[PDB]
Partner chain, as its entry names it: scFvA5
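Next up is one chain by itself, shown in structure tokens, the form deposited without its partner chain.
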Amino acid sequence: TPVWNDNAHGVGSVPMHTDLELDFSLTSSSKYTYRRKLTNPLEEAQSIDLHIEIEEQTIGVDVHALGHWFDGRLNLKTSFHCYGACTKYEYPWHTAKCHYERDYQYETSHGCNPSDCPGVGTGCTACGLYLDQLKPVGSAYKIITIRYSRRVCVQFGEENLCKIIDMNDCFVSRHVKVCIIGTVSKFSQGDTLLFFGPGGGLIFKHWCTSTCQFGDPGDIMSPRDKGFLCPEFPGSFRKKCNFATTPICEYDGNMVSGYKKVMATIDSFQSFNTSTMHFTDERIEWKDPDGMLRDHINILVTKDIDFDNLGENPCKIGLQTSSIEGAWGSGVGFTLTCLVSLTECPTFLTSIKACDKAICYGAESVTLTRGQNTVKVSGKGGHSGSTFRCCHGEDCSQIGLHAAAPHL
């Protein structure tokens, strides 16, 4: 009764038949190199070159680009007409993308009309808030997923292999195991990253989403080139009245933009630094130069007898996509349906992944049965050009599918 399983990434070893162990805490922002000649314990003349290169920790963040945050000024105007409905007249702020209008229609009165207006219960006083002097101040990105990794290269004799190793995963070969164990608590899913310039940025934990009011972090956004998502103005208008005098609008809510309020208490917010940053559609990768952070590296070497590869198996997998639902750029995510054929084993416990161009976006552990299988993989991230493929290890299907856009 075989119960094949390749979800274990690592090795079985006999401590007596192991020749070298390196165990250390490494600065996350530092590389590490190890070179050694493994010579046979005396009683031979055969040496083996061991060369290990571990690269700096990289962070990869799947994001939704939120566009630009703007600074601006809130202006208030008044438009009065003696007679006629409010829609009968066009107002100065009508061209303003972000405006809030309150109408005082059919409400003219003797002690609130100008001298040329004998109207009672007629016409319109229109109050108008609008944003102007708009200026973009930064680009904002919503964090969907966070993963850290190091590229690990191992030469043992003439064998040479490089792999990108995720934090809390292991590099496995016949003679060398490299495991990385770490934790970082700097960034969280749902955080919003703000980049003010063309070095670093700020983390916002409460960027407005379902309610944006003027004054909030993220209050005035342009998701793309043209078109604002305008904030709410929660305050009230008042029509200030006087005899023989044109009505005057007033607004009693907050008048200070979110950018100004944030900049007035900027020390309340967390900055981060970046090095060698790589923006792609809905993804950002960089190396965090924070030298206070460390991760744990263990390297185990057996010179003569091979490690037992704990995921070794004779099972063979064929893959193709069937369908997809859900969205890229979304915290809710997508589901990729894969048709997976298993041969050479009655059952096989493994993981099927949703990947594109060697980036993984989701994975499902599954016990496959001999023959055809239908496997659903939940994923998050990607962009409109992503074709998510069904993958097993380094092997992927011939095509992938596109997910739908978010925020439709």
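Here the rigid core means the biggest group of C-alpha atoms that line up within 1.5 Å when the two forms are laid on top of each other. Positions refer to the first chain, counted from 1.
K.L.:
Superpose by the rigid core: which stretch, 318 to 326 or 90 to 98, shows more Cα shift in 5 other deposited structures of this protein?
P.N.:
Higher average C-alpha offset in 5 other deposited structures of this protein goes to 90 to 98.
K.L.:
Can you check if, in at least a third of the other PDB entries compared, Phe243 has no modelled coordinates?
P.N.:
Yes, left without coordinates in at least a third.
K.L.:
Counting only other entries that model residues on either side, is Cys112 absent from the coordinates in at least a third?
P.N.:
Yes, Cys112 lacks coordinates in at least a third of the other entries compared.
K.L.:
Per the entry, where is the mean C-alpha temperature factor higher: 110 to 118 or 218 to 226?
P.N.:
According to the entry, 110 to 118 carries the higher average C-alpha B-factor.
K.L.:
Highest mean C-alpha temperature factor of the two stretches 182 to 190 and 93 to 101, which is it?
P.N.:
Between 93 to 101 and 182 to 190, it is 93 to 101.
K.L.:
When the CA B-factors of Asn313, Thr87, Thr276, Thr209 are compared as recorded in the entry, which is the largest?
P.N.:
It is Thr87.
K.L.:
Which one, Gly362, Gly382, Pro346, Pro41, has the peak C-alpha temperature factor per the PDB entry?
P.N.:
Out of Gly362, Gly382, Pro346, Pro41, the record gives the largest C-alpha B-factor to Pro41.
K.L.:
Where does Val63 sit by CA temperature factor within its chain: lowest, middle or highest third?
P.N.:
It belongs to the lowest third of the chain when residues are ordered by C-alpha B-factor.
K.L.:
Is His9 in the lowest, middle or highest third of its chain when residues are ranked by C-alpha B-factor?
P.N.:
It falls in the bottom third of the chain.
K.L.:
Lowest, middle or highest third of the chain for the C-alpha temperature factor of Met16?
P.N.:
For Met16, the deposited C-alpha B-factor lands in the highest third.
K.L.:
Once the chain's modelled residues are ordered by C-alpha B factor and cut into thirds, is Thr27 in the lowest, middle or highest one?
P.N.:
Answer is lowest: the recorded C-alpha B-factor places it there.
K.L.:
Per the entry's values, where does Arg238 land by CA temperature factor relative to the rest of its chain, in the lowest, middle or highest third?
P.N.:
Highest third - that is where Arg238 ends up once the chain's C-alpha B-factors are sorted.
Although it is not shown, the form solved in complex with its partner chain is what the next lines describe.
K.L.:
Taking any heavy atom pair closer than or equal to 4.5 Å as contact, tell me whether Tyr89 reaches its partner chain in the bound PDB entry.
P.N.:
Heavy-atom contact with its partner chain at 4.5 Å: present for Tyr89.
K.L.:
Would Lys77 sit within 4.5 Å of its partner chain in the bound PDB entry, counting heavy atoms only?
P.N.:
Within the cut-off, so yes.
K.L.:
Please check if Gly227 has a heavy atom lying within 4.5 Å of any heavy atom of its partner chain in the bound PDB entry.
P.N.:
Residue-level check for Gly227: yes, a contact with its partner chain.
K.L.:
Is there a heavy atom of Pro136 no more than 4.5 Å from a heavy atom of its partner chain in the bound PDB entry?
P.N.:
Although its partner chain is absent here, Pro136 would touch it in the bound PDB entry, with heavy atoms inside 4.5 Å.
K.L.:
Which among 124 to 132, 156 to 164, 279 to 287, 314 to 322 is in contact with its partner chain in the bound PDB entry, heavy atoms within 4.5 angstroms?
P.N.:
It is the stretch 124 to 132.
K.L.:
Looking at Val176, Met221, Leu194, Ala96, which is the one with a non-hydrogen atom within 4.5 Å of its partner chain in the bound PDB entry?
P.N.:
Exactly one residue meets the criterion: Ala96.
K.L.:
Taking its partner chain as it sits in the bound PDB entry, which residues of 60 to 76 have a non-hydrogen atom within 4.5 Å of it? Please list them.
P.N.:
The stretch touches the partner through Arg73 alone.
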